[PDB]
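Okay, upload_13.pdb is below, PDB, C-alpha atoms:
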```
MODEL        1
ATOM      1  CA  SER A   1     -33.346   9.743  14.641  1.00  0.00           C
ATOM      2  CA  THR A   2     -33.801   6.142  15.775  1.00  0.00           C
ATOM      3  CA  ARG A   3     -31.065   3.512  16.141  1.00  0.00           C
ATOM      4  CA  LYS A   4     -31.436   2.364  12.541  1.00  0.00           C
ATOM      5  CA  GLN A   5     -31.243   5.985  11.447  1.00  0.00           C
ATOM      6  CA  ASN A   6     -28.041   6.382  13.457  1.00  0.00           C
ATOM      7  CA  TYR A   7     -26.700   3.287  11.720  1.00  0.00           C
ATOM      8  CA  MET A   8     -27.569   4.397   8.192  1.00  0.00           C
ATOM      9  CA  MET A   9     -26.092   7.753   9.175  1.00  0.00           C
ATOM     10  CA  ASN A  10     -22.918   6.005  10.340  1.00  0.00           C
ATOM     11  CA  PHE A  11     -23.008   4.007   7.130  1.00  0.00           C
ATOM     12  CA  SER A  12     -23.410   7.190   5.087  1.00  0.00           C
ATOM     13  CA  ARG A  13     -20.720   8.848   7.217  1.00  0.00           C
ATOM     14  CA  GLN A  14     -18.144   6.090   6.682  1.00  0.00           C
ATOM     15  CA  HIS A  15     -19.055   6.006   2.997  1.00  0.00           C
ATOM     16  CA  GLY A  16     -18.750   9.766   2.772  1.00  0.00           C
ATOM     17  CA  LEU A  17     -15.204   9.550   4.068  1.00  0.00           C
ATOM     18  CA  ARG A  18     -14.398   6.999   1.383  1.00  0.00           C
ATOM     19  CA  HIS A  19     -16.218   9.269  -1.066  1.00  0.00           C
ATOM     20  CA  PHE A  20     -13.671  12.014  -0.341  1.00  0.00           C
ATOM     21  CA  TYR A  21     -10.613   9.805  -0.780  1.00  0.00           C
ATOM     22  CA  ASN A  22     -12.090   8.414  -3.999  1.00  0.00           C
ATOM     23  CA  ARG A  23     -12.078  11.945  -5.416  1.00  0.00           C
ATOM     24  CA  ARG A  24      -8.642  12.600  -3.940  1.00  0.00           C
ATOM     25  CA  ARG A  25      -7.242   9.454  -5.529  1.00  0.00           C
ATOM     26  CA  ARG A  26      -9.022  10.305  -8.780  1.00  0.00           C
ATOM     27  CA  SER A  27      -7.375  13.734  -8.866  1.00  0.00           C
ATOM     28  CA  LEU A  28      -3.979  12.041  -8.812  1.00  0.00           C
ATOM     29  CA  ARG A  29      -4.816   9.667 -11.660  1.00  0.00           C
ATOM     30  CA  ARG A  30      -7.271  11.437 -13.945  1.00  0.00           C
ATOM     31  CA  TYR A  31      -9.294  14.622 -13.555  1.00  0.00           C
ATOM     32  CA  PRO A  32     -11.680  15.497 -14.853  1.00  0.00           C
TER      33      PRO A  32
ENDMDL
END
```

Would you mind writing the structure in this file as structure tokens?
Amino acid sequence: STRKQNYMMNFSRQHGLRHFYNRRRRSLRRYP
């Protein structure tokens, strides 16, 4: 993985974290 790949991976990583909390927050408002 090149630098750009490490960046898009970091980008995906940080977005994955947010992805989790989005589902967590959802579960407290409306699921499914």

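CA of residue 5 in chain A is positioned 18.0 Å from CA of residue 17 in chain A.
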
*Please measure the separation of CA of residue 23 in chain A and CA of residue 8 in chain A, giving the value in Å to one decimal.*
22.0 Å

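Interatomic distance, CA of residue 7 in chain A against CA of residue 20 in chain A: 19.8 Å.
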
All file atoms of range 5-19 of chain A boxed axis-aligned, 6 Å per side, centre plus edges, as lines of an AutoDock Vina configuration file:
```
center_x = -22.8
center_y = 6.5
center_z = 6.2
size_x = 28.8
size_y = 18.5
size_z = 26.5
```

Repair of range 15-28 of chain A at the level of N, CA and C atoms, as a PDB file, in the coordinates of the input:
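part_34.pdb, freshly written:
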```pdb
ATOM      1  N   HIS A  15     -19.078   6.045   4.449  1.00  0.00           N
ATOM      2  CA  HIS A  15     -19.055   6.006   2.997  1.00  0.00           C
ATOM      3  C   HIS A  15     -18.730   7.377   2.428  1.00  0.00           C
ATOM      4  N   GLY A  16     -19.088   8.418   3.169  1.00  0.00           N
ATOM      5  CA  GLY A  16     -18.750   9.766   2.772  1.00  0.00           C
ATOM      6  C   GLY A  16     -17.262  10.016   2.869  1.00  0.00           C
ATOM      7  N   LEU A  17     -16.639   9.457   3.899  1.00  0.00           N
ATOM      8  CA  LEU A  17     -15.204   9.550   4.068  1.00  0.00           C
ATOM      9  C   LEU A  17     -14.493   8.918   2.881  1.00  0.00           C
ATOM     10  N   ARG A  18     -14.923   7.712   2.530  1.00  0.00           N
ATOM     11  CA  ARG A  18     -14.398   6.999   1.383  1.00  0.00           C
ATOM     12  C   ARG A  18     -14.671   7.777   0.097  1.00  0.00           C
ATOM     13  N   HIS A  19     -15.823   8.437   0.061  1.00  0.00           N
ATOM     14  CA  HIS A  19     -16.218   9.269  -1.066  1.00  0.00           C
ATOM     15  C   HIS A  19     -15.183  10.366  -1.322  1.00  0.00           C
ATOM     16  N   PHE A  20     -14.674  10.957  -0.241  1.00  0.00           N
ATOM     17  CA  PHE A  20     -13.671  12.014  -0.341  1.00  0.00           C
ATOM     18  C   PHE A  20     -12.376  11.474  -0.932  1.00  0.00           C
ATOM     19  N   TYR A  21     -11.880  10.388  -0.350  1.00  0.00           N
ATOM     20  CA  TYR A  21     -10.613   9.805  -0.780  1.00  0.00           C
ATOM     21  C   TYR A  21     -10.695   9.304  -2.215  1.00  0.00           C
ATOM     22  N   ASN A  22     -11.870   8.835  -2.618  1.00  0.00           N
ATOM     23  CA  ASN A  22     -12.090   8.414  -3.999  1.00  0.00           C
ATOM     24  C   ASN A  22     -11.852   9.570  -4.966  1.00  0.00           C
ATOM     25  N   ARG A  23     -12.286  10.763  -4.585  1.00  0.00           N
ATOM     26  CA  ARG A  23     -12.078  11.945  -5.416  1.00  0.00           C
ATOM     27  C   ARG A  23     -10.635  12.420  -5.319  1.00  0.00           C
ATOM     28  N   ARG A  24     -10.043  12.260  -4.142  1.00  0.00           N
ATOM     29  CA  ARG A  24      -8.642  12.600  -3.940  1.00  0.00           C
ATOM     30  C   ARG A  24      -7.752  11.720  -4.806  1.00  0.00           C
ATOM     31  N   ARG A  25      -7.996  10.419  -4.745  1.00  0.00           N
ATOM     32  CA  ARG A  25      -7.242   9.454  -5.529  1.00  0.00           C
ATOM     33  C   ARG A  25      -7.452   9.696  -7.019  1.00  0.00           C
ATOM     34  N   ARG A  26      -8.693   9.996  -7.394  1.00  0.00           N
ATOM     35  CA  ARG A  26      -9.022  10.305  -8.780  1.00  0.00           C
ATOM     36  C   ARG A  26      -8.183  11.471  -9.288  1.00  0.00           C
ATOM     37  N   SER A  27      -8.064  12.510  -8.469  1.00  0.00           N
ATOM     38  CA  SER A  27      -7.375  13.734  -8.866  1.00  0.00           C
ATOM     39  C   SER A  27      -5.891  13.491  -9.136  1.00  0.00           C
ATOM     40  N   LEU A  28      -5.384  12.384  -8.635  1.00  0.00           N
ATOM     41  CA  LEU A  28      -3.979  12.041  -8.812  1.00  0.00           C
ATOM     42  C   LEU A  28      -3.790  11.093  -9.991  1.00  0.00           C
TER      43      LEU A  28
END
```
